[PDB]
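Student:
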Amino acid sequence: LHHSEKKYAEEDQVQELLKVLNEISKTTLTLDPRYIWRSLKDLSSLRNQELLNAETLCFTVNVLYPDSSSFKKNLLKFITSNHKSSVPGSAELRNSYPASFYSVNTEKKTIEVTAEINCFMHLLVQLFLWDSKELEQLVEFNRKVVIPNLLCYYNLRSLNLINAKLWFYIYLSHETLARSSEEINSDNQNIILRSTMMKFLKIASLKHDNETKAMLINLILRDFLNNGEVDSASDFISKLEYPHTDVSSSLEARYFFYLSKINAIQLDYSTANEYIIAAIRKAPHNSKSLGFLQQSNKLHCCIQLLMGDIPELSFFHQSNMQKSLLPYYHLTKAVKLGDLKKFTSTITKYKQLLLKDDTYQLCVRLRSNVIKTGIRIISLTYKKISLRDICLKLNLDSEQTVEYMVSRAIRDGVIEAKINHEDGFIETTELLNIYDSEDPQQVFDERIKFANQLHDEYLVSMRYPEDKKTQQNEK
Amino acid sequence: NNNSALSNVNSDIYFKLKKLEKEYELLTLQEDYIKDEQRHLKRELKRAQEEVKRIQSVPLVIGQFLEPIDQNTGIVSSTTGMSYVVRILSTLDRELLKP
Amino acid sequence: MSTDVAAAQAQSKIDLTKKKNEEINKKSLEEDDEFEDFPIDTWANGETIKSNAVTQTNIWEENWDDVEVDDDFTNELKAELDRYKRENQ
Amino acid sequence: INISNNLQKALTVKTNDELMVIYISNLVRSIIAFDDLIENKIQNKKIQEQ
Amino acid sequence: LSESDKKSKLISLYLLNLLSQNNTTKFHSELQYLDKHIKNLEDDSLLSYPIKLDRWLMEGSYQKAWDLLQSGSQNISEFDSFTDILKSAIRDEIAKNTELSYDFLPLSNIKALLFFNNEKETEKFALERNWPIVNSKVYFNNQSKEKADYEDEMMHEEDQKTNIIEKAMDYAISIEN
Amino acid sequence: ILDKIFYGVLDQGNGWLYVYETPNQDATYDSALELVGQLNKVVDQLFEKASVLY
Amino acid sequence: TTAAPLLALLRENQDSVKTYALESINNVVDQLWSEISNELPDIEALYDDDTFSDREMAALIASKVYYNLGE
Amino acid sequence: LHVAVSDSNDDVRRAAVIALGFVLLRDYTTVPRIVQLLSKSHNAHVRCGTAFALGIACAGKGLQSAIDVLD
Amino acid sequence: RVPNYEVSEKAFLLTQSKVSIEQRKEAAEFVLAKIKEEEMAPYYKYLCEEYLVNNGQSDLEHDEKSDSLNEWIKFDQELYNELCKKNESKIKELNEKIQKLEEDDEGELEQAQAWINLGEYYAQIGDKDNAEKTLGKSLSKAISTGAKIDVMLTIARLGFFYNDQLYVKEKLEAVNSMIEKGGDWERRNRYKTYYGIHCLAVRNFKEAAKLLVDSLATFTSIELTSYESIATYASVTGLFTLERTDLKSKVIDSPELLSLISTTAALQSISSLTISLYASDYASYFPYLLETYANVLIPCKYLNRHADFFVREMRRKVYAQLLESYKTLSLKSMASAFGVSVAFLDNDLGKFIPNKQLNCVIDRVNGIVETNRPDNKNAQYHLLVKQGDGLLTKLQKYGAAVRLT
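Chains as they are written, first to last, in the deposited numbering: chain A, 18 to 492; chain B, 35 to 133; chain C, 1 to 89; chain D, 255 to 304; chain E, 96 to 272; chain F, 381 to 434; chain G, 4 to 74; chain H, 572 to 642; chain I, 20 to 424.
1. Short check: CB of A:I407 to CB of E:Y197, under 9 Å?
2. What residues in its chain sit with their C-beta under 7 Å from that of A:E27, if we drop five residues either side in the sequence?
3. In the DSSP assignment, what residue or residues form a beta bridge with A:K401?
4. Check whether chain F comes within 9 Å of I:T347, counting only Cβ atoms and requiring the distance to be less than that.
5. Would you say I:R324 and C:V67 are within 9 Å of each other, going by their C-beta atoms?
6. How should E:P145 be labelled, buried or exposed, when 16 other C-beta atoms within 10 angstroms of its C-beta is the threshold for buried?
7. What residues in the segment 35-52 of chain B bring their beta carbon closer than 9 Å to a beta carbon of chain A?
8. I'd like to know if D:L281 contacts chain F, where contact means its C-beta is closer than 9 Å to some C-beta of that chain.
9. Measuring straight from C-alpha to C-alpha, what distance separates E:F122 and A:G325?
10. Give me the residue from A:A289, A:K389, A:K230 and A:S251 with the minimum Cα distance to A:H261.
11. Within 9 Å (strictly less), CB to CB, does A:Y452 reach chain I?
12. Quick one: is A:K485 near chain C, going by C-beta distance under 9 Å?
13. For I:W204, name the three-state secondary structure that DSSP assigns.
14. Compare the Cα-Cα distances from C:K20 to each of A:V37, A:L46 and A:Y52 and report the closest residue.
15. The alpha helix (DSSP H) that contains I:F371, what's its start and end?
16. So, with DSSP's three-state summary, where would you put F:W396?
17. Could you check whether the Cβ of I:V330 sits closer than 9 Å to any Cβ belonging to chain C?
18. Would A:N207 count as contacting chain G if we go by Cβ distances under 9 Å?
19. Compare the Cα-Cα distances from A:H191 to each of A:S341, A:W147, A:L413 and A:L48 and report the closest residue.
20. Can you list, in chain order, the residues of its chain with a C-beta nearer than 7 Å to that of I:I162? Leave out the 5 residues immediately preceding and following it.
21. Only counting the same chain, and skipping five residues up and downstream in sequence, which positions put a Cβ closer than 6 Å to that of B:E101?
22. Exposed or buried, which one is A:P328 when buried takes at least 16 other CB atoms within 10 Å?
23. Locate the beta strand (DSSP E) running through B:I109, then write down its first and last residues.
24. Look at the Cβ atom of E:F210, then the Cβ atom of E:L111, and state whether they are nearer than 9 Å.
25. Would you say I:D327 lies against chain C (beta-carbon separation less than 9 Å)?
26. Of all the alpha helix (DSSP H) runs that stay within the bounds of the segment 93-180 of chain I, which reach a length of 4 or more residues?
27. Please list, in chain order, all residues of the same chain as A:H347 whose beta carbon is under 6 Å from its beta carbon, the five residues on each side excluded.
28. Helix, strand or coil, according to DSSP, for B:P102 in the structure here?
29. Given a threshold of 16 other Cβ atoms within 10 Å of its Cβ, counted over all protein chains shown, does A:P50 qualify as buried or as exposed?
30. Using only alpha-carbon positions, find the residue among A:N490, A:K366, A:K486 and A:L242 that is nearest to A:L46.
31. Would you mind telling me which residues of chain I sit closer than 7 Å to D:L261, beta carbon to beta carbon, in chain order?
32. Put B:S117 into one of helix, strand or coil per three-state DSSP.
33. What are the boundary residues of the beta strand (DSSP E) that includes I:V388?
34. Can you give the Cα-Cα distance for A:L218 and H:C629, rounded to whole angstroms?
35. Mind checking F:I385: buried by the 16 CB within 10 Å criterion, or exposed?
36. Compare the C-alpha of I:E192 against each of I:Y213, I:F180, I:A227 and I:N391 and name the closest.
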């Protein structure tokens, strides 16, 4: 029973413990140790579920615990206490480790390796919480213990790398609890949580660890936007302190998505669209990335519709994600066909859907775009057209009504016309002749500049693995 | 276990490592030097090709390539009526040179 | 689909075991899939037939009869209407 | 300048070939390094054996 | 984040005040923050009023916006203190759109647009914008030409435009680097 | 015009005939298109060899 | 939550009010630093004046926010 | 270093490489890296001078790297 | 295997209600006679399922609505009884024979031909599945390689017969892999015909135009719909893909189209549209278009869904053809020639200009339609810049992953 599963599971945890130990004790190469540890977590979450769940307590007693065994027992009671073949003398050794040394070195006293035992202990904890899906007390318990400990060290870059990945989970459980239960307590500690992240982020500037900085930035940007204040988030990003050294495919895709959401609702859709295109691009394409991609698509359509430029029908059609993009497809059709009444119905029919996903606020400004897109088609199709004919086409009352709408629309430059209320028709002003302007030299210069950017990025990247590789042993 | 020595680090920063921060500026000076060296050898490439080009121009004597004996030396026989074993020049066919 | 060439982003950016932890953790921050929150409250999404004629189950490439409706009946009528106007011009 | 724009891009292609050939090279040096570390055991064992 | 009895009225005032300062950027930034605490819990009740005003100025229904401010003084309690600022504002937004929509337009046609009732109000707004009135015709050509020269007078434009000679210098030295 | 034996354009509503003998492609245009179009195949083919990196 | 109530106090005049307003910011000056970076010139003006016993405080808020920005 | 590359005559080329190890007599460890590039040189003179500089540099305080370069 | 292509058409007409009703009940008389004779009741079972609530709404074992305008449709149990006899007697004879030729040696060919005979009978009555199972048995067995190829196309016909294209693509994917194994030029001509009908279903007609004219040049139209149908198809696709220059050349000039004349209505309408485009009579083009939808596009099983698309595109071809030729036209002159009025002209152009094909304007004020189609340095530049932007996009994309790892 007891002895069987826990011992088996323990064999893998010992092997895992040394993978962290050996890289950091010989000093990190930054990017490479990091990646390994990510591969390590894929394995651990599975093992934690499997073969009881006291596999960790059995382990905690095996390694040098300073007080870590107390916190473990409390996690354990909730999912039904186990504690047989996790007592001393049947799960204890202080030998078989170079991670805790032999017994004699513990006794005599030696240098701390209890830091990395602790960080790694806190891994198993963060893991435990997510895997079981524990809610309520456990969220408070874990957070309050772990973070004081990370500051009782000497704030080493070796230990910063490992514990940075702990921050993601601390953050997940707080939001989950807040979404489930509406309570004054959850509101109250959210102010503590922003405060803490900024505190760490200062510390990690000093100590210059780029991963700790990239992760802490993304969690707190997400938090401000969930509570809906734009201004705090915008002020934060324009200090330009995001790193690019230790950053990842997911991590940079995430940043850009925040950048999109801020700039669109600030009424600049050119600057918003720049980011969202970047976000889809960095991200992998998997069934595990499905969530991220799914939400990226939803935001993309609307940013584009707000410009008055329309997404193609093949987008939605060949999507495997098409039965959630169905209110979004109707947004495309309704704007394009210019019909006031379809729009009205769409955002009323699909109001719960739009409001769930938070995209309903950008759909309000898409009301304006119905008119704007319809007047645009008309500028393309007709060069000279009476004011009267226009009022029948979009169903407007006065000559006066169309004239207010058109002028504003060409303040933005969307339609590309000029009104002649000296003769009572609207004249289209697009007359091309852009290869007969001076602008084309300038259009090529930016492209040339992007090709120079890849030329640098190639040369500098190439040599970076190669220093290490020529130093590496070979026959 | 527990604890270490925090004075061991603080000591090394001012003493040894200050000398080594300065040493890293002398390898930075190396970088500026070999930035010019790398361009200088591009100029010297131009000059080594130009000199070859003189040799290639006339006067020349006709011969006929037979066959290789190596991938950089061949054997020809001239229109003089003499077999000469000849170094083949770089920057020519050696796949359509063989017949 | 997705921005730019989908197939080009799909081939460039692919799963590794290193990216695997990251790809899940990212998803968890977008609060699940949010495509299995969808079919629950709609109790099964239908089809578009409101303005499509070749719908969206095409086994070859979609047309633009997916935003337009049957215009041959209008053509037939215009023709006939035009013949009276010209007859009695 | 259109002809130059294209010519600068046509060299990114040349560079991009190199990057891949070096990331392949580095991949072989990795395999070589592991193979030696295994082989030291076989030579250690041969002395005990005889 | 707020449980008041007057909460409904005060958020209404919040949004009208944004509009009076004339930053549409500030309005939409806030709209998202308010959105959270009205989601299924107030929605639009009297809080429709400022969202409609902003929507109309974006849609370009300046006709509509004018009637809407006025009927808000049929339920007057301090709606009038926000009505004055926004009457001036409406005139100004049109003046920005109608630069690019005429080369000349009559006195009689402009009067209508900027919602003046009398001549004295019309001519004064034209002079501040440097649009001359001759034989009762108001000219957008004077401001549009004027603005164009003041741009050329200023320095930004050597680098922003990029000088063609300088472009080639950059081409050369990237290859040599 | 459709045959393209002086390739020009008719004004019906001013009743005029305009004749163009100008070129409507250039050499420069032609071979720019061939070159970029070929390099597109190259770039796919470079990623295809290096599928062993991952 | 928002420190915008505390910002509102800065711009409002009366010394006794400003006296309170600097002390409020100073509690949460280490803990919040992107909710208060818009009123840094008002704060600098208080340090520049010498009708305050709170010149020392005013200047301290300014400094704590500015290193976090990068300056 | 600048004169060794720029001045193409053989005396001037040879002298300046010899001259480096007197400057960096006490920093004899880093010299193998810096004249690594001049050991490989297509100019005979330069390599002649490479060899003397390394001899002088690591004469009384040894160092493995130079012995290998000099082979 | 033979009667399959014929019967499939006639049944498809029934489904339609955009055709003449008169045509339907001539079809109904014929198609049912043959269902009794060749015992095609499985296929009948399949057909009624697929209708459904357009046709068959006058049958006894279904629910009766006013959707069918036919009544000669009547599925009964009488059909079923006949099935049981004719299938029992035949199947059983062929089963005993397969096991006989297991006894005989070199029997692999002998068993192959018997399992082909079985695969014909299941083809005859319906069943694509049971022919498929049996002609794979034929496939393993030693038979000539040319027979293997022929077998594989034999199963593909069955996907046409059923009216599911997605079955046919998998069954022609096997043909494409076997073609050069036999190397036969004899089955190459057969492959152009099958794959032509398949590519007539695809939106892209580009492959279809090339195929469907080789089918005209080399006389292959067999085990599939008639030579006259082959020609009809060739014309439609000819028109859609090929420019005005290449159109005369390849469609209006073809010895095979001229020699076959137009003896059927379907073939007559489509050819009539083509002749009037070149001859530049546009007042016969529009009525001829309506003839086209009626008697070709809608009666076909592969242009059913491109019926609207061809109507539209053809109006688009001709307008654009005229706008090349003219830098100014009036609404009146243009409308009169097309046989529509000015209002009617506005709306048809008002779709086609946002579909990015005709690149023109309309004045209502002055009433002239001017042409805004560049051909000069502006056109060259728009196109070239997009492709070089497309090179840059791959370069960023492809570079970024290799560095990242």
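Backbone N, C-alpha and C define an ideal beta-carbon position, used for all residues, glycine too.
Tutor: In short, the structure shows the following:
1. Here residue 407 of chain A refers to the residue found at position 390 of the first sequence. Here residue 197 of chain E refers to the residue found at position 102 of the fifth sequence. Their beta carbons are not under 9 Å apart, which means A:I407 does not touch E:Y197 by this criterion.
2. The sequence position of residue 27 of chain A within the first sequence is 10, counting from 1. Result list for A:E27: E72, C75 and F76, in chain order.
3. Mapped onto the first sequence, residue 401 of chain A falls at position 384. A:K401 is bridged to A:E444 and I:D382.
4. For this step, residue 347 of chain I is matched to residue 328 along the ninth sequence. Yes, because at least one Cβ of chain F sits closer than 9 Å to the Cβ of I:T347.
5. Counting from 1 along the ninth sequence, the entry for residue 324 of chain I is found at position 305. Counting from 1 along the third sequence, the entry for residue 67 of chain C is found at position 67. Contact: no.
6. Position 50 of the fifth sequence holds residue 145 of chain E. Classification for E:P145: buried.
7. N35, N36, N37, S38, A39, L40 and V43
8. Working through the fourth sequence from its first residue, we reach residue 281 of chain D at position 27. Yes, D:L281 lies at the interface with chain F (some Cβ there is under 9 Å from its Cβ).
9. As a first step, residue 122 of chain E must be located in the fifth sequence, where it is residue number 27. As a first step, residue 325 of chain A must be located in the first sequence, where it is residue number 308. Using only the alpha carbons, I get a separation of about 22 Å.
10. Sequence index remark: in the first sequence, residue 261 of chain A carries index 244 (1-based). Considering only alpha carbons, the answer is A:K230.
11. Indexing the first sequence from 1 puts residue 452 of chain A at position 435. Taking Cβ atoms only, chain I reaches closer than 9 Å to A:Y452, which makes this a yes.
12. Position 468 of the first sequence, counted from the start, is the residue given in the question as residue 485 of chain A. By this cut-off, A:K485 is not an interface position.
13. For the purposes of this step, residue 204 of chain I is identified with residue 185 of the ninth sequence, where counting begins at 1. Of the three classes helix, strand and coil, the one that applies to I:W204 here is coil, per DSSP.
14. Here residue 20 of chain C refers to the residue found at position 20 of the third sequence. For the residues A:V37, A:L46 and A:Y52, the minimum Cα distance to C:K20 belongs to A:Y52.
15. As a first step, residue 371 of chain I must be located in the ninth sequence, where it is residue number 352. Unbroken alpha helix (DSSP H) run through I:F371: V361 to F371.
16. In the sixth sequence, counting from the first residue as 1, residue 396 of chain F sits at position 16. Note: F:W396 maps to strand in three-state DSSP.
17. In the ninth sequence, residue 330 of chain I corresponds to position 311, counting from 1. Yes, I:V330 lies at the interface with chain C (some Cβ there is under 9 Å from its Cβ).
18. Your numbering for residue 207 of chain A matches position 190 in the first sequence. Chain G contact via Cβ: present.
19. For the purposes of this step, residue 191 of chain A is taken as residue 174 along the first sequence, with counting starting at 1. Measuring from the Cα of A:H191, the nearest candidate turns out to be A:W147.
20. The sequence position of residue 162 of chain I within the ninth sequence is 143, counting from 1. The residues are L128 and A131.
21. On the second sequence, residue 101 of chain B is found 67 positions in, with the first residue counted as 1. Closer than 6 Å at Cβ, skipping near neighbours: no residue.
22. What you label residue 328 of chain A is simply residue 311 of the first sequence in a count that begins at 1. Per the 10 Å Cβ criterion, buried.
23. In the second sequence, residue 109 of chain B corresponds to position 75, counting from 1. First-last of the beta strand (DSSP E) with B:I109: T107 to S112.
24. Counting from one through the fifth sequence, the residue named residue 210 of chain E turns up at place 115. Counting from one through the fifth sequence, the residue named residue 111 of chain E turns up at place 16. Their beta carbons are not under 9 Å apart, which means E:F210 does not touch E:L111 by this criterion.
25. Sequence index remark: in the ninth sequence, residue 327 of chain I carries index 308 (1-based). At least one CB atom of chain C sits nearer than 9 Å to the CB of I:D327.
26. 97-119, 127-144 and 148-159
27. In the first sequence, residue 347 of chain A corresponds to position 330, counting from 1. Answer for A:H347: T363, listed in chain order.
28. For the purposes of this step, residue 102 of chain B is identified with residue 68 of the second sequence, where counting begins at 1. Three-state DSSP puts B:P102 in a strand.
29. For the purposes of this step, residue 50 of chain A is taken as the residue at position 33 of the first sequence. Looking at its Cβ environment, which holds 16 or more other Cβ atoms inside 10 Å, A:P50 is buried.
30. Taking the first residue of the first sequence as position 1, residue 46 of chain A is located at position 29. It is A:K486.
31. The residue labelled residue 261 of chain D in the question sits at position 7 within the fourth sequence. Those within 7 Å of D:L261 in chain I number zero; the least Cβ separation is about 11 Å.
32. Numbered from 1 along the second sequence, position 83 holds the residue referred to as residue 117 of chain B. If DSSP states are grouped into helix, strand and coil, B:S117 belongs with the strands.
33. The residue you call residue 388 of chain I lines up with position 369 of the ninth sequence. Where I:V388 is concerned, the enclosing beta strand (DSSP E) stretches over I387 to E389.
34. As a working note, residue 218 of chain A is residue 201 in the first sequence. As a working note, residue 629 of chain H is residue 58 in the eighth sequence. Rounded to the nearest angstrom, the two C-alpha atoms are 48 Å apart.
35. For this step, residue 385 of chain F is matched to residue 5 along the sixth sequence. With fewer than 16 other Cβ atoms within 10 Å, it is exposed.
36. Locating residue 192 of chain I in the ninth sequence gives position 173, counting from the first residue. With distances taken between Cα atoms, I:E192 lies closest to I:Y213.
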